[PDB]
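Note on naming: letters A, B, ... go to the chains in the order of the sequence lines (proteins, then strands), and numbering restarts at 1 for each one. Both backbone and side-chain heavy atoms feed into the values below; hydrogens, waters and symmetry mates do not.
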Amino acid sequence: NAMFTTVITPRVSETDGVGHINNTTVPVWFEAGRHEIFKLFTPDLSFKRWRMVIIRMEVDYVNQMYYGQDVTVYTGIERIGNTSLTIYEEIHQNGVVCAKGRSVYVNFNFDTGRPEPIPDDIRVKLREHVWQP
Amino acid sequence: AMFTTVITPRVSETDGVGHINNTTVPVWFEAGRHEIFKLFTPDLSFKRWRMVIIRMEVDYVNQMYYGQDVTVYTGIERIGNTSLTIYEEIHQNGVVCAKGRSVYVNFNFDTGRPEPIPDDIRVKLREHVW
Amino acid sequence: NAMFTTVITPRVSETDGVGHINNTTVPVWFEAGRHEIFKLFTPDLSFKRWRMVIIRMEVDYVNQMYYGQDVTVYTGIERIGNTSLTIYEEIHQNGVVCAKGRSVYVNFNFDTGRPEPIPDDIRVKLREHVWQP
Amino acid sequence: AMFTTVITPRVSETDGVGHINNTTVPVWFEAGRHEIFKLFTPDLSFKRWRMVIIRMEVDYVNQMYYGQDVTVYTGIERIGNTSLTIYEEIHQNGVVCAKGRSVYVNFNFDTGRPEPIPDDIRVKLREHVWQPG
Ligand SMILES: [Mg+2]
Ligand SMILES: [Mg+2]
């Protein structure tokens, strides 16, 4: 119920010579779906005040996707850890799941030079976007 | 007349300088050409593709940033015999940031030669001439 | 050992605003490192005769990478299945393992419309490049 | 005088038409500029970056393909006060396939303005002047 929803229009440049969306495009669309999450950690989205660092990703390529039809990225929180969070995410096209992903990010405080227990205000915000399939 | 395409910049589109990287700009211009490609190839199928770029010009007027939407405006400047010239701009925060021209030819991948743009495509393109 | 080695020069457009190589670049570099495997399946690298379809990937981001120094992609065959294979792969910079990956491809025969068991001749040649960590 | 950069094309750099996508050509041109960036900024630190592009043009002469290396030739066509014009070509199979001209300025981010190229950089640039027919 609580996931973020991001509609994207595929581009010719995101295909490859096989005629489908290229596999390296999927992490690009998944990162696009994390936008609202990034915004919770860095409200002005300034790279001066950037906090989010990926440490792991996994993607299952379930069905091929095509240039010419929109896709929808669903992005939710599978686990809120201490200094990390594990995202669950899916890409759909034509109402069919085509890619499923998980990613783990660490909230890194560059000012203090250490991973930072996610502040409480953020945890509350994140709890209302939990998605556990 | 012109097409309007709203895009949400991505972190991967910036570089270490902290702005949108110059190579993103042509990617965004190509995205604004979508409705043009559709006039040439209505089902956007690659087996029926007929567009080949021959020239591109880009003026980078102002820096763009991750975190705010940009808008691509794309229109036809010239419909030539085999080529067409696209005039195109990208705006962020109500400011023109990039201005572009690109030239494509109508291309027949079956015979390997550029080909005159068909009357019925010219007809469809004429609405979108600046 | 027996894995493939691919030296790559990072590009400015591959970094992001945080100032390191962006995470979406790593799967692009891994794919570049699979070049000799693709050639085994499609000797002329023609897309009309393409067969390699990715079905899954995972990446561990061990250390940050930077524009300004080359990287080395090491790509080995971890497993040769029937219709699929598993690739184990790493990216090093400055002599430090910065990313570790696994990917699974299927040999998809676009002519017969379904997955193809890997032909005996490719199987023998793939065996020349196995690497299990 | 010119720099020479050999690049191995990647599957992700093609599109569904079966050839290298036009948006890859500026990415390859930016890679050929690497040693020019180094003249401005020896250690390629983003903290000390100076170059901002103001204009680019590309002539696409012949289509390029995945599966054969390409070579980028890059030289300085003119050194202005605050700007320089770079002339660049990309070759595949011994044939010129793209020609480019780009204009960068030396930019001060601390003051937010282009500024005269300093004498010590100008001295370096003069050695890489390339002005073809
Ligand atoms: Mg592509
Ligand atoms: Mg980038």
- Using a cut-off of 6.0 Å, state whether more than 12 heavy atoms not belonging to A:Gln132 lie near its atom CD. yes
- Task: May I ask you to name which of A:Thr24, A:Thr25, A:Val18, A:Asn22 has the most heavy-atom pairs under 4.5 Å with chain D?
- Result: A:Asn22
- Flag yes if more than 12 heavy atoms outside A:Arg123 fall under 6.0 Å of its CZ atom; otherwise flag no. yes
- Task: Kindly check if the number of other-residue, nucleotide or ligand heavy atoms within 6.0 Å of CG (A:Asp44) is above 12?
- Result: yes
- At what distance, to the nearest 0.5 angstrom, does CG of A:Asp16 lie from CZ of D:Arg10? 14.0 Å
- Task: Give, as side chain, backbone, both or neither, the part of D:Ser12 having an atom under 4.5 angstrom from any heavy atom of chain A.
- Result: both
- Query: Does NZ in A:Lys100 sit with more than 12 non-hydrogen atoms of other residues, nucleotides or ligands closer than 6.0 Å?
  - Reply: no
